[PDB]
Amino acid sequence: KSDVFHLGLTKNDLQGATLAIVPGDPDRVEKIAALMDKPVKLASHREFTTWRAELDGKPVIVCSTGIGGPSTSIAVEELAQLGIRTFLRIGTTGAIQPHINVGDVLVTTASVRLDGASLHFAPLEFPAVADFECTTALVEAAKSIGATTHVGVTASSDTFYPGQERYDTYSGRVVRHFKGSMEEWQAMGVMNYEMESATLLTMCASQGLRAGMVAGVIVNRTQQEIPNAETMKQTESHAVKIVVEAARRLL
């Protein structure tokens, strides 16, 4: 009942699909699938929940990666084994630039590699760059729904707290390497923090797979720390609409 080690899927479950939308959150999988025609649940194992749906009369996979590069690396690899060639990540994000507001959508051209898993596919000098066609389709899709969009570099961290220079922690300390890091990234024009893009973009770009990255701004780190409960859902829906519309252009 499975051709892969973790996902619990066969090549036949995919029905010829070559594109997958890959959110971090397993609870978001159904929401993205519901936007497309005839969505069905295929599998749920660990943090990997998979749905299949129809878009413009063509099968599309939605599969969760979980938080971080390691589980992303498993999901992407096993989906690649199953036949997926195009990967579109839909994420949540904390912006670090003052001109970016909550509700804005960010398209990532390339990522700052603050992760470990990217190194298991390519040395640090290799750019965690997004596929040009995927990035184009995400930019086009953002205009299609009519959102406020920023395009640029993302800092992709193996941690939510110290690697994003959060001090509201148990220890209250940040290791020397990351002390003052946010200010450095800010000055370099880095838009935001998330936790999967570096791994995803590196492993795909170094293995002949197409990858795109899009995220909804939940919090801006220069104005607030605790997100709003209602705005969180609206921003998520906005970006989910874009990732589906982008997939339409890449079929």
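Position 1 is the first residue in the sequence shown; the rest follow in order. Superpose the two forms; the largest set of C-alphas matching within 1.5 Å is the rigid core.
*Fitting on the core, do the C-alphas of 144-152 or of 127-135 deviate more in 6 other deposited structures of this protein?*
Higher root mean square deviation of C-alphas in 6 other deposited structures of this protein is shown by 144-152.
*Say whether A229, which has coordinates in the shown structure, is without coordinates in a third or more of the other compared entries.*
Across the other compared entries, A229 is absent from at least a third.
*Given the B-factors recorded for C-alpha atoms, which segment has the greater mean, 188-196 or 222-230?*
On average, C-alpha B-factors are higher across 222-230.
*Going by the entry, which third of its chain does the Cα temperature factor of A247 land in?*
It belongs to the middle third of the chain when residues are ordered by C-alpha B-factor.
*asked:* Can you tell me whether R166 has a C-alpha B-factor in the lowest, middle or highest third compared with the other modelled residues of the same chain?
replied: Lowest third.
_Is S71 in the lowest, middle or highest third of its chain when residues are ranked by C-alpha B-factor?_
As the PDB entry reports it, the C-alpha B-factor of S71 lands in the middle third of its chain.
_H120 CA temperature factor, ranked by third within the chain_ = Bottom third by C-alpha B-factor.
*asked:* Based on the deposited C-alpha B factors for this chain, I'd like to know if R113 is in the lowest, middle or highest third.
replied: Lowest third, going by the recorded CA B-factors of the chain.
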